[PDB]
S.K.: 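What follows is a structure written as structure tokens; I'll ask about it next.
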Amino acid sequence: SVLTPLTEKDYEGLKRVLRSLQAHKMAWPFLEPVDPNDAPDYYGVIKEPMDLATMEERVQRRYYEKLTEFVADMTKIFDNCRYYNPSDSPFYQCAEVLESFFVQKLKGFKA
Ligand SMILES: CNc1cc(-c2ccc(OCCCN(C)C)cc2)nc(S(C)(=O)=O)n1
């Protein structure tokens, strides 16, 4: 189940998944913490920001104890983008595309 404790072998898969996402062409808005210059009032709207650089740090530090927690931070990144941005937005579409890529990759890691 997704509650099972992460092993050292699992962490190699998570590193692989994370780097697949960082390399994706649509991932550029999510690579680093949002710069307030790039999004007005972002940190007034979004009370739990998340990004792929923060998850990478968390992976390197063995922050994650069960896969569900890794999935949770990833889903915040997508949730935040879709709440902050209107469905019209190319940033919104970036979340649509990258979340679908994440599901494919997550299914693969689970297998
Ligand atoms: C307008 N709304 C947005 C805008 C952005 C964004 C814009 C610009 C970026 O870097 C541009 C290059 C570096 N830069 C410091 C100048 C990154 C991100 N990201 C979201 S997001 C996380 O919700 O998907 N929403």
Side-chain angles (χ1 to χ4, degrees), residues 1-24 26-75 77-111:
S1 198
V2 293
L3 317 172
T4 39
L6 288 169
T7 81
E8 268 305 323
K9 201 182 176 186
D10 293 329
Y11 256 91
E12 293 301 318
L14 288 176
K15 286 178 179 191
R16 162 194 282 195
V17 167
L18 186 51
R19 298 183 314 238
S20 265
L21 280 169
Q22 291 171 307
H24 197 290
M26 309 278 291
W28 58 269
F30 315 117
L31 292 174
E32 294 266 339
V34 177
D35 183 330
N37 254 320
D38 291 331
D41 278 327
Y42 183 81
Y43 289 85
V45 175
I46 304 291
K47 312 279 71 188
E48 262 183 304
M50 182 59 43
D51 64 279
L52 293 166
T54 293
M55 299 189 59
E56 184 179 53
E57 176 191 349
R58 278 171 181 191
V59 170
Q60 293 174 298
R61 223 193 3 100
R62 318 319 187 204
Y63 171 86
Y64 299 109
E65 283 185 333
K66 36 215 174 205
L67 174 61
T68 58
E69 306 172 333
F70 181 94
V71 177
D73 280 357
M74 197 65 61
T75 63
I77 293 171
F78 301 139
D79 288 344
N80 295 346
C81 168
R82 283 187 298 237
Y83 177 64
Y84 179 76
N85 293 290
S87 60
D88 246 357
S89 172
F91 298 102
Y92 189 112
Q93 178 193 87
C94 282
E96 291 297 76
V97 164
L98 209 77
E99 179 150 48
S100 87
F101 181 83
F102 177 65
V103 168
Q104 291 170 334
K105 288 289 162 147
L106 183 63
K107 301 185 307 191
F109 166 92
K110 287 178 171 195

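Both counts, for ligands and for their atoms, begin at 1 and track the order of listing. Numbers here simply count residues along the sequence, with the first being 1. Values below: all heavy atoms of this structure, side chains included; hydrogens, waters and symmetry mates excluded.
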S.K.: Any idea which protein heavy atom is nearest atom 1 (C) of ligand 1, and the distance to it?
M.R.: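 Looking only at protein heavy atoms, the one closest to atom 1 (C) of ligand 1 is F91 CE1, 3.4 Å.
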S.K.: Quick one: closest heavy-atom pair of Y64 and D73, and the distance?
M.R.: OH-OD2, 2.7 Å
S.K.: If you measure from the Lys or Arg side-chain nitrogens to the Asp or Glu carboxylate oxygens, is any gap between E96 and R82 under 4.0 Å?
M.R.: yes
S.K.: Using a 4.5 Å cut-off on heavy atoms from C-beta on, say whether the side chain of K110 contacts that of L67.
M.R.: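 The answer is yes, as the side chains (C-beta and beyond) meet within the 4.5 Å cut-off.
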S.K.: May I ask you to check if ligand 1 and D38 share an N or O to N or O distance below 3.5 Å?
M.R.: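 So ligand 1 has an N or O lying under 3.5 Å from an N or O of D38.
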S.K.: Salt bridge check, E12 against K9: does any charged N sit closer than 4.0 Å to a carboxylate O?
M.R.: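 No, this pair does not count.
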S.K.: Looking at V34, which atoms of ligand 1 are within less than 4.0 Å of one of its heavy atoms?
M.R.: 22 (C)
S.K.: Provide the number and element of each atom of ligand 1 under 4.0 Å from a heavy atom of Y84.
M.R.: 2 (N)
S.K.: Can you list the atoms of ligand 1 that are under 4.0 Å from a heavy atom of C81?
M.R.: 23 (O), 24 (O)
S.K.: Minimum heavy-atom separation for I77 to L52, with atom names?
M.R.: CD1-N, 3.9 Å
S.K.: Based purely on interatomic distance, does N85 place a nitrogen or oxygen under 3.5 Å from a nitrogen or oxygen of ligand 1?
M.R.: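 So ligand 1 has an N or O lying under 3.5 Å from an N or O of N85.
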